[PDB]
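All remarks here apply to the structure that follows.
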Amino acid sequence: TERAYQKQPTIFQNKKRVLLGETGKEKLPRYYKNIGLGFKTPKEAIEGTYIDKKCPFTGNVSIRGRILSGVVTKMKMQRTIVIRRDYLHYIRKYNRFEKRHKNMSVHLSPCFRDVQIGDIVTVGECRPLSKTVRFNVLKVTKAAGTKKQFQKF
Amino acid sequence: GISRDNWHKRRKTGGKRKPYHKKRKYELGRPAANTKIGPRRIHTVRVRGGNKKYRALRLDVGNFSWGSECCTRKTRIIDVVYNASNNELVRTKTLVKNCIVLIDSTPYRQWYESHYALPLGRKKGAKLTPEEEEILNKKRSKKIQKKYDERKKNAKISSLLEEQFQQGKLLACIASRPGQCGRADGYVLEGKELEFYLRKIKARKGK
Amino acid sequence: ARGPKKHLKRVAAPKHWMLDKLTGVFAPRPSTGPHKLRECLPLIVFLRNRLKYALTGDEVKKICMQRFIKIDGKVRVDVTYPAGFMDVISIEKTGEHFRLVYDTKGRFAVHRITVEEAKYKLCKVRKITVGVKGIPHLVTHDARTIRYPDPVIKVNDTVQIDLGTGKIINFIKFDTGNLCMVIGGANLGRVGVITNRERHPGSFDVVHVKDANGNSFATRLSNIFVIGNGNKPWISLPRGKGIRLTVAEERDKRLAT
RNA sequence: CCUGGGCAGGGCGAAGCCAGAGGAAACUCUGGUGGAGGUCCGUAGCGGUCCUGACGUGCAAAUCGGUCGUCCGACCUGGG
RNA sequence: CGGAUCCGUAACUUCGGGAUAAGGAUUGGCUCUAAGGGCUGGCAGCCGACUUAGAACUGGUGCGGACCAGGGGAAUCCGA
RNA sequence: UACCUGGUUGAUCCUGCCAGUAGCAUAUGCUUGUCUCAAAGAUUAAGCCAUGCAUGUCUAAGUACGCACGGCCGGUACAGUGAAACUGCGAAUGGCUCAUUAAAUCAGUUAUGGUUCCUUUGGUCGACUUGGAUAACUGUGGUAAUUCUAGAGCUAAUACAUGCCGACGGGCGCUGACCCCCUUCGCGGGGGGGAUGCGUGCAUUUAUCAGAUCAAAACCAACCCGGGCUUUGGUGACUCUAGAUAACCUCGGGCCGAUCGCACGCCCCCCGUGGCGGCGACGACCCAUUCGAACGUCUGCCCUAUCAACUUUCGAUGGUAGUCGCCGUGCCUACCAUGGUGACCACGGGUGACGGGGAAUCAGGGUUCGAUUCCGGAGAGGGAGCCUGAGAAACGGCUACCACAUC
RNA sequence: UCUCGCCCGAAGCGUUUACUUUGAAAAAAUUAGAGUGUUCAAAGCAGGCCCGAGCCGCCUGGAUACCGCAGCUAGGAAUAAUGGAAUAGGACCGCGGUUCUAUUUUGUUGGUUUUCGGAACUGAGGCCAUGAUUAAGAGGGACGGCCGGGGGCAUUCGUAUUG
Ligand SMILES: [Mg+2]
Ligand SMILES: [Mg+2]
Ligand SMILES: [Mg+2]
Ligand SMILES: [Mg+2]
Ligand SMILES: [Mg+2]
Ligand SMILES: [Mg+2]
Ligand SMILES: [Mg+2]
Ligand SMILES: [Mg+2]
Ligand SMILES: [Mg+2]
Ligand SMILES: [Mg+2]
Ligand SMILES: [Mg+2]
Ligand SMILES: [Mg+2]
Ligand SMILES: [Mg+2]
Ligand SMILES: [Mg+2]
Ligand SMILES: [Mg+2]
Ligand SMILES: [Mg+2]
Ligand SMILES: [Mg+2]
Ligand SMILES: [Mg+2]
Ligand SMILES: [Mg+2]
Ligand SMILES: [Mg+2]
Ligand SMILES: [Mg+2]
Ligand SMILES: [Mg+2]
Ligand SMILES: [Mg+2]
Ligand SMILES: [Mg+2]
């Protein structure tokens, strides 16, 4: 569906299929972009429904530059999440390390489901999407502990 | 004196950044020219690098593309309805990049007659308009070719475009920037987008 | 600052021009041309400093506008015209035909060449495209944009170019086993057979090469100039085969004197 | 003392209650709901600060005009 | 000054207040725009309430247009 | 030079600091024969400036009727030197200073596939010369004057403008009278030629269509031959480049030489009154290289908690459309969601803080400076705005306010 | 895996780090350091050989080392944390059906059906030695024979002091 004023990326909808009268499907003309880099386009971009300007597999967002990895911390921002990159810093004087982290925002494409908090995600450099969002979610890697468990209700 | 700069902003947190530049030249800002629907009037703008930018203060004619049949014709602009980004610009009748224009559907009637003969949109009278409708008599097998164009391609322009052709107005989405290139160029709303914007305009006139 | 830079200091000049500290403050700024500043060599440096033809630069400025020195067949009126790697310098009166190849130390080594090879010239393809009315174009690192080139030319190739007509001939590709010469980085002036290329999706692929007497070095595709076809160099290269032996072997050569 | 009668509208927003956030815990923060009070502006009602105003053989052997204090109470008031 | 809306509110303190502290902006007329509901059906259609916010235009800077209606601040003595 | 010594006690040992010791870099005192290099108004005052200089520029080749010089010199404009001016380019580099500035600038590493780019280097560039305007110049002037200027006359061009010829019309698309073959009594069914009318090229602005790895068949209606045939390139990716389709291409109008010099010969011949024209400076729409800019990605900065919550009506974070900008950007607007950062020190202050490469200090480890000659940033008394120009929010450019300050 | 020309190249490819050895990596000047008798030296990158001027001359240098931390590549797998499967929703082999497209050959064109390349779902059994390191002179919990002026509540007793 759509809850905005227009969502139609590139593909022209009207093939004028009206020759004898049939409803047919409409999910076939979808712009299907492969990012390369040995990274698989997920099947949610094949048989999905979303229309996103900033999607790495649907929109015109070219992935270039650097490939980093973070851990998902928050979800509460619309179509973009905040990751944390833990790293160590060598200090010359005392001759051991310290923990430093920089919380970055990254555009979570709506094809990636099961994006629960605590999984290592791969991010890629792109053009500046907004003021704080420069990276783009590339591949969700970690299963975030155990996925087999279920609880009451 | 408008600066579109990003150094007068707060940081990722919200700490105030200290100003030290003086709003430099490579980050210009020029005031908005809301393009009206009057006659044709386009000024020029010098660009960094010596390029030329065409500022349309008000426009009358435009160039509009039919979607399916691939027929792009010149079209006088009638009215601006449902900009859907700022409802003040609907009242102001301002042409922007993604806006909706009432195409005068006259220049598509002649092409639809010349290519898809036995036309429609003729007020269900069938007695007026000596257009030279049936004068050339369609001598050779190109009459049969037009029969292929009319019956095998079947010419279905189903009831939305039927009612719009009978009313004489047509719904268009602009695809060009009137403030940058100075052109009112666009395409015709077709099918699902057409019924979507028609539902939005009907709901806006309702509530 | 505002606009482009227009002066150039001797201290901020690149090392391979063999300039001085006590002599002058400013360096000869090379004008815009087919070569960037870090990989060029001006004509005033080639004449005043290198061959020792004129003590001052004003004499070089006088003779280059008295129409003696020409580059690639046509006369350059500028005293600071940029030259580059694999160019033909010829001056019109005696046997003085200088190729600009790279010394093993990293300098623009002089090379007097016979006219039968000085008529010709190799050049590396920079990229390939198509243009007006669907015709192909080839862009050279020497800023040669030639139309209707060939269909069998990869991006990283070396094509022999004529100096009189500007016509291409004798293209050679980037294959395992060809003879190449590294032009950039810490291994510039290194002549060796292409041994292995390793592709990377980060748009900078690495290449390991070997040469004679068992030595190997790694470099990048932006710094490789293919020069031959399987230990068969198309251009005669001076001072041996262009090999950095050892600092100790250079000292042993000096002791052999 | 007994028995009846009466007091327009607004402002402040206590306890209690709900939801969200933080914390290991103690608990804390934010946004609502709530309507407490010998609580504030103010009318009728009740008194009378000032003009030391008007009269001052006056309307009147103590009144009148503005300006007033208080007005859910230790409030005002009829009859027995 | 005085009503109302939106900003912003000090010394001190029993932490409740001081406080409508102090100090500013808007307020008219006419067109619009958006939001806040009920009743009928195996997501659609009918019916009415007065509020708020924003925009444009216009009048001789006029707008609480009459009426309604807190001058304020720093202190001292006494009495909570 | 991996270095200690004197000092608390009547005397000893210890913690402890003070004082001596040696460079560094600022000032000062005393003294001074030779020579080679050699810092030098930074610290307080990025306080104020008299005076004099620091940005001008001509090739055989844009414009020469200057009154200035003079070729032999006759006449059919112009031999040449040529002051002055119109034109073009530069004055956006260099030089000087460190006052703001604490993930801001810088430094190492990455990319613009999200942009522009003077010049240079290559591709591209398919009417026997048209029209006004004006300077230098000549006379006339203004006030106390400026690098001040109106008005009278004059003429120029690569300043401004207008604008055809060549070139056959090739080919394509849409219409398109007519025409060829077979069958049907005809109607009709199928295939094949074809004048006129309309658009055509590159770039801009749209919209649509087709676009690369894969090998055996089974039938239905037509036909080419004696069972049997056909195609732009690249990245890791594209909405890249390149095709075709229909229209726009905007008066403040994209290109398709109304430029200039050189030495001069030949040819059909009907004069040459026409061609044969070779080299060289101008940018000329566009495409790449080159000089550099621009906003981005990872990482890195001193002290302070007597700076523990900060940010958001006046965007703080994100999403969707739009505006502006050269392009991606909450850069700006409308609507919607309540986000964003922080005890791993954010936020708020101070720096006698420009950042680096570096400098001083001799075990190692560290400590302290770096305004300073190389790179980058910022400013031209404060801050604001802007023309020209490819490049400036320029200051040895302009405009207005404030403080000084000249006639 | 022989998927693309019995072995070899390419590609499937790391679950991602921390640490190390290469290599690329940048700008010089500066620092250490090679050569060079600037009269030594501070320096600078210069200079040196034969010729009675008679060689229209030759030869060589202007290197190297460091450039932390951060990023890239190729190896190492000890140490330091991370998940493999435990409600089986495990890994392998090959069989059942549903469902979907492209292009090679039937001589081409338009229409239908397959084998075929695999994506998506699903059914049954066999194969795993079928899958949980034993339990710190680590820790938490449970038991049961005690322990103690440990704590709280209520009670009882005792002189003495004062009246
Ligand atoms: Mg309405
Ligand atoms: Mg009270
Ligand atoms: Mg009060
Ligand atoms: Mg009262
Ligand atoms: Mg009284
Ligand atoms: Mg009274
Ligand atoms: Mg009285
Ligand atoms: Mg009286
Ligand atoms: Mg009162
Ligand atoms: Mg009261
Ligand atoms: Mg008070
Ligand atoms: Mg009162
Ligand atoms: Mg009292
Ligand atoms: Mg001391
Ligand atoms: Mg400068
Ligand atoms: Mg400072
Ligand atoms: Mg807004
Ligand atoms: Mg030391
Ligand atoms: Mg040390
Ligand atoms: Mg910068
Ligand atoms: Mg400046
Ligand atoms: Mg000054
Ligand atoms: Mg200046
Ligand atoms: Mg000055």
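For the structure tokens, the naming scheme is as follows: chains receive sequential letters (A, B, ...) according to their order of presentation, residues are indexed from 1 within each chain, and ligands are indexed from 1 in presentation order.
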**OP:** List all protein, DNA and RNA residues that have an atom no more than 10 Å from any atom of ligand 5, counting only C-alpha atoms (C1' of nucleotides) and all ligand atoms, and report them as an MDAnalysis selection string.
**Re:** chainID D and resid 47:48 62:63
Selection export as a PDB file, in the first residue's frame, atoms kept: N, CA, C and O atoms (P, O5', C5', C4', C3', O3' and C1' of nucleotides):
```
ATOM      1  P     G D  47     -23.858  45.465  57.850  1.00  0.00           P
ATOM      2  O5'   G D  47     -22.444  45.383  58.573  1.00  0.00           O
ATOM      3  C5'   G D  47     -21.782  46.562  58.997  1.00  0.00           C
ATOM      4  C4'   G D  47     -20.309  46.511  58.685  1.00  0.00           C
ATOM      5  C3'   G D  47     -19.638  47.859  58.491  1.00  0.00           C
ATOM      6  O3'   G D  47     -19.258  48.441  59.723  1.00  0.00           O
ATOM      7  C1'   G D  47     -18.980  46.364  56.766  1.00  0.00           C
ATOM      8  P     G D  48     -19.478  50.008  59.978  1.00  0.00           P
ATOM      9  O5'   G D  48     -18.354  50.695  59.086  1.00  0.00           O
ATOM     10  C5'   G D  48     -16.974  50.432  59.315  1.00  0.00           C
ATOM     11  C4'   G D  48     -16.118  50.845  58.141  1.00  0.00           C
ATOM     12  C3'   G D  48     -15.960  52.349  57.946  1.00  0.00           C
ATOM     13  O3'   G D  48     -14.654  52.628  57.455  1.00  0.00           O
ATOM     14  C1'   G D  48     -16.951  51.402  56.018  1.00  0.00           C
ATOM     15  P     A D  62     -29.623  60.265  62.391  1.00  0.00           P
ATOM     16  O5'   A D  62     -28.308  60.004  61.540  1.00  0.00           O
ATOM     17  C5'   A D  62     -28.380  59.899  60.125  1.00  0.00           C
ATOM     18  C4'   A D  62     -27.034  59.626  59.506  1.00  0.00           C
ATOM     19  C3'   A D  62     -26.457  58.238  59.767  1.00  0.00           C
ATOM     20  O3'   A D  62     -25.746  57.792  58.617  1.00  0.00           O
ATOM     21  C1'   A D  62     -24.973  59.887  60.592  1.00  0.00           C
ATOM     22  P     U D  63     -26.026  56.329  58.022  1.00  0.00           P
ATOM     23  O5'   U D  63     -26.574  56.614  56.559  1.00  0.00           O
ATOM     24  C5'   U D  63     -27.934  56.957  56.351  1.00  0.00           C
ATOM     25  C4'   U D  63     -28.083  57.979  55.257  1.00  0.00           C
ATOM     26  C3'   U D  63     -27.208  57.775  54.032  1.00  0.00           C
ATOM     27  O3'   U D  63     -27.706  56.793  53.143  1.00  0.00           O
ATOM     28  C1'   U D  63     -27.141  60.044  54.690  1.00  0.00           C
TER      29        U D  63
END
```
Subject >> Within-10 Å residues of ligand 17, basis only C-alpha atoms (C1' of nucleotides) and all ligand atoms, as an MDAnalysis selection string >> reply: chainID F and resid 315 330 332:335
Could you report the residues within 12 Å of ligand 3, using only C-alpha atoms (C1' of nucleotides) and all ligand atoms, as a PDB file with C-alpha atoms (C1' of nucleotides), in the first residue's frame?
```pdb
ATOM      1  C1'   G D  11      -7.236  32.273  38.393  1.00  0.00           C
ATOM      2  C1'   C D  12      -3.799  29.040  41.426  1.00  0.00           C
ATOM      3  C1'   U D  39      -6.810  30.112  48.680  1.00  0.00           C
ATOM      4  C1'   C D  40      -6.559  34.941  44.829  1.00  0.00           C
ATOM      5  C1'   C D  41      -9.556  38.791  41.127  1.00  0.00           C
TER       6        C D  41
ATOM      7  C1'   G E  17       4.925  30.627  47.306  1.00  0.00           C
ATOM      8  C1'   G E  18       6.681  35.312  45.638  1.00  0.00           C
ATOM      9  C1'   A E  19       3.550  35.679  40.430  1.00  0.00           C
ATOM     10  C1'   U E  20      -1.456  38.098  36.675  1.00  0.00           C
ATOM     11  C1'   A E  21       6.437  39.208  39.485  1.00  0.00           C
ATOM     12  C1'   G E  70      -4.251  44.941  38.624  1.00  0.00           C
TER      13        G E  70
END
```
Original post:
Residues at most 12 Å from residue 402 of chain F, counting only C-alpha atoms (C1' of nucleotides), excluding those fewer than 5 positions away in the same chain, as a list in words?
Top reply: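 Neighbouring residues, sequence-local ones excluded: residues 381, 382 and 383 of chain F.
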Take the residues from that selection and write them out as a PDB file, in the first residue's frame, keeping C-alpha atoms (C1' of nucleotides).
```
ATOM      1  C1'   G F 381      39.475  48.125  11.878  1.00  0.00           C
ATOM      2  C1'   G F 382      33.855  45.278  13.322  1.00  0.00           C
ATOM      3  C1'   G F 383      30.306  42.594  10.888  1.00  0.00           C
TER       4        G F 383
END
```
Subject >> Within-8 Å residues of ligand 22, basis only C-alpha atoms (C1' of nucleotides) and all ligand atoms, as a ChimeraX atom specification >> reply: /F:46-48,381
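Using only C-alpha atoms, the part of chain A that sits within 9 Å of chain C is made up of residues 37, 38, 64, 65 and 66 of chain A.
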So that I have them on file, write out the residues from the current selection with N, CA, C and O atoms, as a PDB file, in the first residue's frame.
```
ATOM      1  N   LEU A  37      28.970  -6.761  -5.673  1.00  0.00           N
ATOM      2  CA  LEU A  37      29.863  -6.920  -4.517  1.00  0.00           C
ATOM      3  C   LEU A  37      29.784  -8.327  -3.900  1.00  0.00           C
ATOM      4  O   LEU A  37      30.272  -8.569  -2.792  1.00  0.00           O
ATOM      5  N   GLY A  38      29.230  -9.294  -4.630  1.00  0.00           N
ATOM      6  CA  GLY A  38      29.043 -10.623  -4.088  1.00  0.00           C
ATOM      7  C   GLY A  38      28.000 -10.711  -3.001  1.00  0.00           C
ATOM      8  O   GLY A  38      28.050 -11.633  -2.182  1.00  0.00           O
ATOM      9  N   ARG A  64      29.010   2.533  -2.378  1.00  0.00           N
ATOM     10  CA  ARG A  64      30.399   2.705  -2.775  1.00  0.00           C
ATOM     11  C   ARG A  64      31.258   2.758  -1.518  1.00  0.00           C
ATOM     12  O   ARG A  64      30.783   2.510  -0.408  1.00  0.00           O
ATOM     13  N   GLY A  65      32.540   3.067  -1.703  1.00  0.00           N
ATOM     14  CA  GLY A  65      33.420   3.419  -0.606  1.00  0.00           C
ATOM     15  C   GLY A  65      33.743   2.326   0.391  1.00  0.00           C
ATOM     16  O   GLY A  65      34.458   1.371   0.073  1.00  0.00           O
ATOM     17  N   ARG A  66      33.216   2.459   1.603  1.00  0.00           N
ATOM     18  CA  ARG A  66      33.601   1.618   2.724  1.00  0.00           C
ATOM     19  C   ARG A  66      32.488   0.645   3.087  1.00  0.00           C
ATOM     20  O   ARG A  66      31.308   0.890   2.824  1.00  0.00           O
TER      21      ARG A  66
END
```
Original post:
Got a sec: who's within 12 Å of residue 86 of chain F, counting only C-alpha atoms (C1' of nucleotides), leaving out chain neighbours fewer than 4 positions off, as a PyMOL selection string?
Top reply: chain F and resi 62-64+134-136+156-157+159
Selection file, N, CA and C atoms (P, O5', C5', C4', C3', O3' and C1' of nucleotides), as a PDB file, in the first residue's frame:
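So part_15.pdb came out as:
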```pdb
ATOM      1  P     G F  62      46.809  41.428 -34.273  1.00  0.00           P
ATOM      2  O5'   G F  62      45.253  41.733 -34.343  1.00  0.00           O
ATOM      3  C5'   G F  62      44.417  40.992 -35.216  1.00  0.00           C
ATOM      4  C4'   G F  62      42.976  41.380 -35.038  1.00  0.00           C
ATOM      5  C3'   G F  62      42.653  42.847 -35.281  1.00  0.00           C
ATOM      6  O3'   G F  62      42.444  43.148 -36.650  1.00  0.00           O
ATOM      7  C1'   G F  62      41.743  42.187 -33.214  1.00  0.00           C
ATOM      8  P     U F  63      43.041  44.497 -37.283  1.00  0.00           P
ATOM      9  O5'   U F  63      42.309  45.664 -36.484  1.00  0.00           O
ATOM     10  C5'   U F  63      40.940  45.948 -36.717  1.00  0.00           C
ATOM     11  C4'   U F  63      40.479  47.162 -35.950  1.00  0.00           C
ATOM     12  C3'   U F  63      41.309  48.420 -36.117  1.00  0.00           C
ATOM     13  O3'   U F  63      41.061  49.099 -37.332  1.00  0.00           O
ATOM     14  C1'   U F  63      40.785  48.120 -33.835  1.00  0.00           C
ATOM     15  P     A F  64      42.288  49.528 -38.273  1.00  0.00           P
ATOM     16  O5'   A F  64      42.491  51.081 -37.976  1.00  0.00           O
ATOM     17  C5'   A F  64      43.171  51.528 -36.806  1.00  0.00           C
ATOM     18  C4'   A F  64      43.882  52.836 -37.042  1.00  0.00           C
ATOM     19  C3'   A F  64      44.800  52.846 -38.258  1.00  0.00           C
ATOM     20  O3'   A F  64      44.799  54.139 -38.851  1.00  0.00           O
ATOM     21  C1'   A F  64      46.071  53.254 -36.305  1.00  0.00           C
ATOM     22  P     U F 134      26.922  57.710 -30.738  1.00  0.00           P
ATOM     23  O5'   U F 134      28.265  57.332 -29.972  1.00  0.00           O
ATOM     24  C5'   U F 134      28.243  56.925 -28.612  1.00  0.00           C
ATOM     25  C4'   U F 134      29.527  56.232 -28.235  1.00  0.00           C
ATOM     26  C3'   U F 134      30.792  57.041 -28.469  1.00  0.00           C
ATOM     27  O3'   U F 134      31.067  57.947 -27.416  1.00  0.00           O
ATOM     28  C1'   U F 134      31.068  54.872 -29.367  1.00  0.00           C
ATOM     29  P     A F 135      32.074  59.176 -27.649  1.00  0.00           P
ATOM     30  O5'   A F 135      33.511  58.566 -27.337  1.00  0.00           O
ATOM     31  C5'   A F 135      33.804  58.026 -26.058  1.00  0.00           C
ATOM     32  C4'   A F 135      35.116  57.283 -26.045  1.00  0.00           C
ATOM     33  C3'   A F 135      36.355  58.099 -26.364  1.00  0.00           C
ATOM     34  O3'   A F 135      36.808  58.860 -25.259  1.00  0.00           O
ATOM     35  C1'   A F 135      36.435  56.034 -27.523  1.00  0.00           C
ATOM     36  P     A F 136      37.420  60.327 -25.481  1.00  0.00           P
ATOM     37  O5'   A F 136      38.828  60.061 -26.174  1.00  0.00           O
ATOM     38  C5'   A F 136      39.880  59.423 -25.466  1.00  0.00           C
ATOM     39  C4'   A F 136      40.990  59.000 -26.393  1.00  0.00           C
ATOM     40  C3'   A F 136      41.648  60.114 -27.190  1.00  0.00           C
ATOM     41  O3'   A F 136      42.625  60.831 -26.459  1.00  0.00           O
ATOM     42  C1'   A F 136      41.102  58.357 -28.648  1.00  0.00           C
ATOM     43  P     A F 156      33.046  54.251 -40.003  1.00  0.00           P
ATOM     44  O5'   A F 156      33.443  52.769 -39.583  1.00  0.00           O
ATOM     45  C5'   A F 156      33.675  52.439 -38.224  1.00  0.00           C
ATOM     46  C4'   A F 156      35.135  52.178 -37.965  1.00  0.00           C
ATOM     47  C3'   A F 156      35.463  50.843 -37.322  1.00  0.00           C
ATOM     48  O3'   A F 156      35.517  49.792 -38.265  1.00  0.00           O
ATOM     49  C1'   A F 156      36.616  52.568 -36.194  1.00  0.00           C
ATOM     50  P     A F 157      34.286  48.774 -38.410  1.00  0.00           P
ATOM     51  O5'   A F 157      34.889  47.392 -37.910  1.00  0.00           O
ATOM     52  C5'   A F 157      36.222  47.023 -38.242  1.00  0.00           C
ATOM     53  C4'   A F 157      36.907  46.268 -37.125  1.00  0.00           C
ATOM     54  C3'   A F 157      36.169  45.039 -36.602  1.00  0.00           C
ATOM     55  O3'   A F 157      37.116  44.024 -36.284  1.00  0.00           O
ATOM     56  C1'   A F 157      36.557  46.549 -34.823  1.00  0.00           C
ATOM     57  P     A F 159      33.159  41.631 -31.653  1.00  0.00           P
ATOM     58  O5'   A F 159      33.423  42.929 -30.773  1.00  0.00           O
ATOM     59  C5'   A F 159      34.380  42.911 -29.727  1.00  0.00           C
ATOM     60  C4'   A F 159      34.021  43.880 -28.631  1.00  0.00           C
ATOM     61  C3'   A F 159      32.597  43.803 -28.112  1.00  0.00           C
ATOM     62  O3'   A F 159      32.399  42.744 -27.192  1.00  0.00           O
ATOM     63  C1'   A F 159      33.186  46.061 -28.470  1.00  0.00           C
TER      64        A F 159
END
```
Subject >> Contacts of segment 182-197 of chain F at 10 Å (only C-alpha atoms (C1' of nucleotides); same-chain gap of 6+ positions) as a PyMOL selection string >> reply: chain F and resi 175-176+222
